[PDB]
Amino acid sequence: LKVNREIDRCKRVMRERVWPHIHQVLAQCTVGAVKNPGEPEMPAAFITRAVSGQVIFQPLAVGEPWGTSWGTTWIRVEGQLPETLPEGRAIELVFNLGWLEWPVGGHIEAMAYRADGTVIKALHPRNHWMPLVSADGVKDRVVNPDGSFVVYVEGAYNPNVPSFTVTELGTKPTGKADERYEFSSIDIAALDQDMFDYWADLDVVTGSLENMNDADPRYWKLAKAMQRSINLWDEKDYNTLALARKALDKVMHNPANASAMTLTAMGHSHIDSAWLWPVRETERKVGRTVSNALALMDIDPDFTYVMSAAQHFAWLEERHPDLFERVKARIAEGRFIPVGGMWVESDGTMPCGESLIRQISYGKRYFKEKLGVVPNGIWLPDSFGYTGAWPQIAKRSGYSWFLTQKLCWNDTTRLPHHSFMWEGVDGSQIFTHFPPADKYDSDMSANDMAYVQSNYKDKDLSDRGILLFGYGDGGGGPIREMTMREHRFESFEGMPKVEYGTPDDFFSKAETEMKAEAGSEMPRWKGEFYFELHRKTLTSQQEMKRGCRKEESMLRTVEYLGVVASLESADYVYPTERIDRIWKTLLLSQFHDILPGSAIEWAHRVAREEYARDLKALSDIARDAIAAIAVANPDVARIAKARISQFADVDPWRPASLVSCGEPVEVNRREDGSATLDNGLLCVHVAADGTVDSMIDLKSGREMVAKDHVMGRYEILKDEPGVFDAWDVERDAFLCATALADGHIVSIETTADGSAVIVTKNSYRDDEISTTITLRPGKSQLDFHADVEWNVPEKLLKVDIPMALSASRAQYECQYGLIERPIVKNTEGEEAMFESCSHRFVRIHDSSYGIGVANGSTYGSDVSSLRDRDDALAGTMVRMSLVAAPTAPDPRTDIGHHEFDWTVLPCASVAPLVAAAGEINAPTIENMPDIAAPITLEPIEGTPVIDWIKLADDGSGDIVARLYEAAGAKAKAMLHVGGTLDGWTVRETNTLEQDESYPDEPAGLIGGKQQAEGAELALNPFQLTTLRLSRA
Amino acid sequence: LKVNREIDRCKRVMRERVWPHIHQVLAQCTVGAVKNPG
Ligand SMILES: [Zn+2]
């Protein structure tokens, strides 16, 4: 059609006949540079060293790469600012350092400083210009009395790292220029605002023709004015410009339709704290983005910008002190908004409950003392699913709403609604919203308006949405082209109304109006947000998953010992600052890019050796605190190899030992190679090739292994996905798995305590798996411990546990509580859940029985039914993923020597499973005097569990316990305290240890603040309460 | 749909897992050149 061919003419007119005549080049500047391929130094220490004499600045070469990979080049620019400058026009430098266009935050960047150490503005691929004079006769401070000036530019020659492709770029500074980026004559230019407005109008108009339909007369009244204008603009006669704009004005002022939506736009750039670059680079990225944000708050007023991740604010505070005081000046104004008080945008499903609570707490604490703000909602646009315990934690932490967008990438199903009420397992509900643009980084195009209005899933009762724009995922922020195409879409009949705003006000009014409109028809979602994509993120880099749990499972012990030692010994200083530093370092390695393990080899290498260092430092605070208890109770008892595991079967926080102390375990070797372990409580029969093939529960007398199957068979899948190698698993892999039928028992023995051990070996073509199966006296559980020497890439290992019990749903655990997922997947959407998360245990049960499996560091599994060889129902298979080896961002990921531990239990109720999980995840310590816990609850009914006894953060000396219910039934208990804190009071708080109550949340205590000894507790299913004990 | 996403996997298999293993490199050759812009 004629119009579609007229759109191409208009776009080419924009690109060649209008765009170049915006920056009129006046003069070019002399340049000299100094290169450095090493690690960068602080800019302030370089400038003052670069002002006196101590740098030479050998001139650059036009047409050659100005740096090396992962290096820094400092450039001294000197211009002249000649006279006869155009009147009423702005003057600005233009830096064209060989930019590409596709990745904004990916390849090279830069930052321009003044000759005192102060930032001017950052330089990015699509935003490369620096204001000298502002079209009003006022100059920047870096201008002499004459036209002389001098600028320093720190340029980062970051390589462009492909997402999924084998490369050597994400390892270390190479010292070579792999991708060539030229220099090409930094220059000075005058800006023409009228041509720039004309280009903006053309852009707005021509982008609306691709998205309208040829049925409204506006499609034709537009395409006529677009044609009349470009037929009138002759770039060789400037006086025609004023004629061309008047033609493209009879259509720019048309009031929006009556029923059009209303969008609240705010500037937002998402910065992945570590992904495709080292963590030593994110600091500069935050600096650049923030500087860009403030240089756009003087192009126009009423422009708003949001920023999350208090850790980014801290990084900014240390590197650019001057750029911090400019932010605070905008915060008090109201145009700069910090949102979602959290340390970093953590992962949404893997961290435990205490991780999330501590993230919220540290974030709220930083946002208070520094910026003085109190956020009202959780900002989490990018995450691989959400745990389902989030609503309760958010509501009990003072929050009011919630924000997500990542759940659009699901491979099978689309969620029904965009704005809805999300109810967790407890019952508390939070208002949640997805930005209808289906992405956080928009460019404020006409395509995005058309999509937002034509995709919004609740247009019948909401007509209100949010809209984020800016260049994200690597920084950069929004560009001044986006802001000046927003004023065109303010009314613009044919498209949604758009206006600036803050998130809190949008959320308040949107929720209240949707409520008062819908009635008791408000959309609702109960449960978790299962992410139907990126299944391999549960096991991508195993040393990160093992590190997140081992460090956090022992922070519990270290913090508990600080409580016990601060009550026994009269002089013992609890090291608050070391613990705070360790906690912040931990919360930084739970970002949504490094816990899933989908970053470059460099990032994981640094994050891995941090776990080693903080693990070591933690087990010195422990032994130094235990030394204090050892002198306070000098003659009670001391045991080596103790494990303080919360919620045991008899004594909750007593430090139990490793010596089992039962009667020996009789072992009956058979002649064919098989063996028979038999303690008082189990009768295990191990076959000739590992693989326990029958397990009797001698108490009840039930087989525990599904017939014609063996427990412990190893499979190795062949996973070579289409895209996102380190991210997701094909379903095809589940078809290709091959068992390792070869194998044998290496050794059968008994030990000093009386337990029996069996040592097995297994191999697949290069690598070796040696398992140790243990049976201890007086414990109704079987323990497995495997050591892997993984060497072959592109493979995936997992073990299976065939259970002799058949049910319709499987039971996992959440951060606080439990969930169930189907076993046999019926519909198309259910088959998308073929692999799922599991914190610390999975249970398959029925009305009166059940079998459970608890793990140490795995985090991943999948369940399916089992059918006998005569085709009758046999049981259920539970497979849990151990280690995978991708190749995309990390060529040499997960090579060599992984450990794994797990255990299998017969459990009618859920209490012994929780006890076994807690007891397998606890760290070991030495020379620990065994003394009763200070806080104890006697269970009158149900199963309440005290999780995280710890000290107060106010330094006052109070105790804070975080107790919940872990069975799904109401629980009644009462508190008993030891003889070291009698006379103390107890009271109820929120998760942040503050006296704040909420009318829509039940409480634990009955009454108010009363005596601790004898206070009673009632807990409705999956409730999370926090007790605070004070001396008075 | 599942098939359209299975086409991408097959095309990438062609491009990376099948195509490079066609020309097995044995040895490289010494080279010398003379240039002429006329
Ligand atoms: Zn992200």
# chains A, B, ... in the order shown; residues from 1 in each chain; ligands from 1
call {"tool": "residues_near_ligand", "arguments": {"ligand": "ligand 1", "cutoff": "10 Å", "atoms": "only C-alpha atoms and all ligand atoms", "output": "mmCIF file with C-alpha atoms, in the first residue's frame"}}
result
data_model
loop_
_atom_site.group_PDB
_atom_site.id
_atom_site.type_symbol
_atom_site.label_atom_id
_atom_site.label_comp_id
_atom_site.auth_asym_id
_atom_site.auth_seq_id
_atom_site.Cartn_x
_atom_site.Cartn_y
_atom_site.Cartn_z
ATOM 1 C CA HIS A 270 17.845 -1.787 36.412
ATOM 2 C CA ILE A 271 21.452 -2.593 37.314
ATOM 3 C CA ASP A 272 22.329 -6.253 37.740
ATOM 4 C CA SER A 273 24.848 -6.078 40.599
ATOM 5 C CA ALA A 274 26.965 -8.780 38.955
ATOM 6 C CA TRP A 275 26.289 -10.372 35.573
ATOM 7 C CA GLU A 345 17.265 -7.343 44.673
ATOM 8 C CA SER A 346 17.721 -10.843 46.044
ATOM 9 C CA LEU A 380 11.430 -6.862 42.611
ATOM 10 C CA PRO A 381 10.966 -6.668 38.845
ATOM 11 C CA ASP A 382 13.601 -9.264 37.921
ATOM 12 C CA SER A 383 13.575 -12.653 39.656
ATOM 13 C CA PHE A 384 13.187 -16.335 38.770
ATOM 14 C CA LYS A 406 9.558 -11.212 35.295
ATOM 15 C CA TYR A 440 11.008 -2.824 32.900
ATOM 16 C CA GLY A 472 18.332 -1.105 31.961
ATOM 17 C CA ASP A 473 20.100 -4.366 32.811
ATOM 18 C CA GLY A 474 23.456 -2.605 32.589
ATOM 19 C CA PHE A 591 21.532 -11.291 43.933
ATOM 20 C CA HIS A 592 19.276 -12.596 41.182
ATOM 21 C CA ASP A 593 22.263 -13.330 38.930
#
call {"tool": "residues_around", "arguments": {"residues": "residue 839 of chain A", "least_positions_apart": "5", "cutoff": "8 Å", "atoms": "only C-alpha atoms", "output": "PyMOL selection string"}}
result
chain A and resi 350+812-815+859
call {"tool": "write_last_selection", "arguments": {"atoms": "N, CA, C and O atoms", "output": "PDB file, in the first residue's frame"}}
result
ATOM      1  N   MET A 350      15.112 -19.050  46.509  1.00  0.00           N
ATOM      2  CA  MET A 350      16.132 -19.896  47.127  1.00  0.00           C
ATOM      3  C   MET A 350      16.498 -19.491  48.550  1.00  0.00           C
ATOM      4  O   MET A 350      16.581 -20.383  49.411  1.00  0.00           O
ATOM      5  N   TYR A 812       6.643 -30.325  49.771  1.00  0.00           N
ATOM      6  CA  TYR A 812       7.924 -29.672  49.962  1.00  0.00           C
ATOM      7  C   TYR A 812       7.772 -28.681  51.102  1.00  0.00           C
ATOM      8  O   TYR A 812       6.714 -28.589  51.726  1.00  0.00           O
ATOM      9  N   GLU A 813       8.825 -27.924  51.377  1.00  0.00           N
ATOM     10  CA  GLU A 813       8.729 -26.863  52.361  1.00  0.00           C
ATOM     11  C   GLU A 813       9.082 -25.528  51.726  1.00  0.00           C
ATOM     12  O   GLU A 813       9.811 -25.462  50.735  1.00  0.00           O
ATOM     13  N   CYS A 814       8.539 -24.469  52.302  1.00  0.00           N
ATOM     14  CA  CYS A 814       8.881 -23.112  51.919  1.00  0.00           C
ATOM     15  C   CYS A 814       9.802 -22.512  52.972  1.00  0.00           C
ATOM     16  O   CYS A 814      10.307 -23.204  53.856  1.00  0.00           O
ATOM     17  N   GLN A 815      10.038 -21.205  52.867  1.00  0.00           N
ATOM     18  CA  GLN A 815      10.806 -20.498  53.883  1.00  0.00           C
ATOM     19  C   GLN A 815      10.188 -20.677  55.261  1.00  0.00           C
ATOM     20  O   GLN A 815      10.877 -21.045  56.218  1.00  0.00           O
ATOM     21  N   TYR A 859      18.798 -28.352  46.659  1.00  0.00           N
ATOM     22  CA  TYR A 859      17.899 -27.261  46.253  1.00  0.00           C
ATOM     23  C   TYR A 859      17.016 -27.615  45.053  1.00  0.00           C
ATOM     24  O   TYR A 859      16.158 -26.831  44.655  1.00  0.00           O
TER      25      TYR A 859
END
call {"tool": "interface_residues", "arguments": {"of": "chain A", "to": "chain B", "cutoff": "10 Å", "atoms": "only C-alpha atoms", "output": "number ranges by chain"}}
result
A: 411-412, 720-723, 730, 732
call {"tool": "select_by_dssp", "arguments": {"residues": "segment 417-462 of chain A", "states": "strand (DSSP E or B)", "output": "short mmCIF file (atom, residue, chain, number, x, y, z; two decimals) with C-alpha atoms, in the first residue's frame"}}
result
data_model
loop_
_atom_site.label_atom_id
_atom_site.label_comp_id
_atom_site.auth_asym_id
_atom_site.auth_seq_id
_atom_site.Cartn_x
_atom_site.Cartn_y
_atom_site.Cartn_z
CA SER A 419 -3.38 -6.25 39.25
CA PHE A 420 -4.55 -8.65 41.92
CA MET A 421 -4.49 -9.71 45.58
CA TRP A 422 -1.76 -12.23 46.33
CA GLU A 423 -2.42 -14.46 49.34
CA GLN A 429 -2.68 -10.82 51.34
CA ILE A 430 -0.71 -8.13 49.52
CA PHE A 431 -1.68 -6.04 46.51
CA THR A 432 0.47 -6.97 43.51
CA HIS A 433 0.84 -5.40 40.07
#
call {"tool": "residues_around", "arguments": {"residues": "residue 606 of chain A", "least_positions_apart": "6", "cutoff": "10 Å", "atoms": "only C-alpha atoms", "output": "ChimeraX atom specification"}}
result
/A:278-280
call {"tool": "write_last_selection", "arguments": {"atoms": "N, CA, C and O atoms", "output": "mmCIF file, in the first residue's frame"}}
result
data_model
loop_
_atom_site.group_PDB
_atom_site.id
_atom_site.type_symbol
_atom_site.label_atom_id
_atom_site.label_comp_id
_atom_site.auth_asym_id
_atom_site.auth_seq_id
_atom_site.Cartn_x
_atom_site.Cartn_y
_atom_site.Cartn_z
ATOM 1 N N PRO A 278 32.703 -8.185 36.167
ATOM 2 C CA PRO A 278 33.101 -8.382 37.564
ATOM 3 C C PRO A 278 32.385 -7.440 38.512
ATOM 4 O O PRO A 278 31.893 -6.391 38.091
ATOM 5 N N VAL A 279 32.338 -7.786 39.796
ATOM 6 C CA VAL A 279 31.633 -6.942 40.752
ATOM 7 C C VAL A 279 32.398 -5.649 41.003
ATOM 8 O O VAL A 279 31.837 -4.686 41.533
ATOM 9 N N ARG A 280 33.674 -5.593 40.620
ATOM 10 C CA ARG A 280 34.429 -4.355 40.770
ATOM 11 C C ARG A 280 34.012 -3.324 39.737
ATOM 12 O O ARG A 280 34.476 -2.181 39.780
#
call {"tool": "select_by_dssp", "arguments": {"residues": "chain B", "states": "alpha helix (DSSP H)", "output": "list in words"}}
result
residues 2, 3, 4, 5, 6, 7, 8, 9, 10, 11 and 12 of chain B
call {"tool": "atom_distance", "arguments": {"atom1": "atom CA of residue 221 of chain A", "atom2": "atom CA of residue 492 of chain A"}}
result
13.3 Å
call {"tool": "residues_around", "arguments": {"residues": "segment 289-306 of chain A", "least_positions_apart": "2", "cutoff": "8 Å", "atoms": "only C-alpha atoms", "output": "PyMOL selection string"}}
result
chain A and resi 119-122+266-269+285-287+308+323+326-327+335-339+475-480+483+500-502
call {"tool": "residues_around", "arguments": {"residues": "residue 799 of chain A", "least_positions_apart": "6", "cutoff": "10 Å", "atoms": "only C-alpha atoms", "output": "list in words"}}
result
residues 711, 712, 713, 714, 715, 716, 739, 861, 878, 879, 880, 881 and 882 of chain A
call {"tool": "atom_distance", "arguments": {"atom1": "atom CA of residue 353 of chain A", "atom2": "atom CA of residue 578 of chain A"}}
result
21.8 Å
call {"tool": "residues_around", "arguments": {"residues": "residue 585 of chain A", "least_positions_apart": "5", "cutoff": "9 Å", "atoms": "only C-alpha atoms", "output": "ChimeraX atom specification"}}
result
/A:580,610,614
call {"tool": "residues_around", "arguments": {"residues": "segment 396-399 of chain A", "least_positions_apart": "3", "cutoff": "7 Å", "atoms": "only C-alpha atoms", "output": "ChimeraX atom specification"}}
result
/A:376-377,392-393,990-992
call {"tool": "atom_distance", "arguments": {"atom1": "atom CA of residue 76 of chain A", "atom2": "atom CA of residue 152 of chain A"}}
result
4.8 Å
call {"tool": "closest_residue", "arguments": {"among": "A:134, A:387, A:208, A:453", "to": "residue 263 of chain A", "atoms": "only C-alpha atoms"}}
result
A:453
call {"tool": "decode", "arguments": {"residues": "segment 7-37 of chain B", "atoms": "C-alpha atoms", "output": "short mmCIF file (atom, residue, chain, number, x, y, z; two decimals), in the first residue's frame"}}
result
data_model
loop_
_atom_site.label_atom_id
_atom_site.label_comp_id
_atom_site.auth_asym_id
_atom_site.auth_seq_id
_atom_site.Cartn_x
_atom_site.Cartn_y
_atom_site.Cartn_z
CA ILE B 7 13.22 -25.61 15.59
CA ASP B 8 15.56 -23.13 17.26
CA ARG B 9 17.34 -25.94 19.10
CA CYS B 10 17.80 -27.83 15.84
CA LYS B 11 19.14 -24.79 14.01
CA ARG B 12 21.62 -24.06 16.78
CA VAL B 13 22.66 -27.72 16.76
CA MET B 14 23.32 -27.40 13.04
CA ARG B 15 25.28 -24.19 13.53
CA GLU B 16 27.49 -25.21 16.47
CA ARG B 17 27.44 -28.96 17.11
CA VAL B 18 27.44 -30.22 13.51
CA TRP B 19 28.88 -27.57 11.22
CA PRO B 20 32.35 -27.11 12.79
CA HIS B 21 33.01 -30.86 12.76
CA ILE B 22 33.12 -31.03 8.96
CA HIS B 23 36.52 -29.56 8.13
CA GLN B 24 39.05 -31.20 10.45
CA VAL B 25 42.09 -28.93 10.49
CA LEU B 26 45.39 -30.76 9.95
CA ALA B 27 48.15 -28.16 9.48
CA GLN B 28 48.58 -24.51 8.58
CA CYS B 29 50.62 -23.01 5.77
CA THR B 30 53.30 -20.35 5.57
CA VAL B 31 52.25 -17.27 3.61
CA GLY B 32 53.92 -14.30 1.94
CA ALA B 33 52.25 -11.51 -0.03
CA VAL B 34 52.94 -8.57 -2.33
CA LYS B 35 50.49 -5.67 -2.50
CA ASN B 36 49.62 -3.39 -5.39
CA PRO B 37 47.13 -0.49 -5.21
#
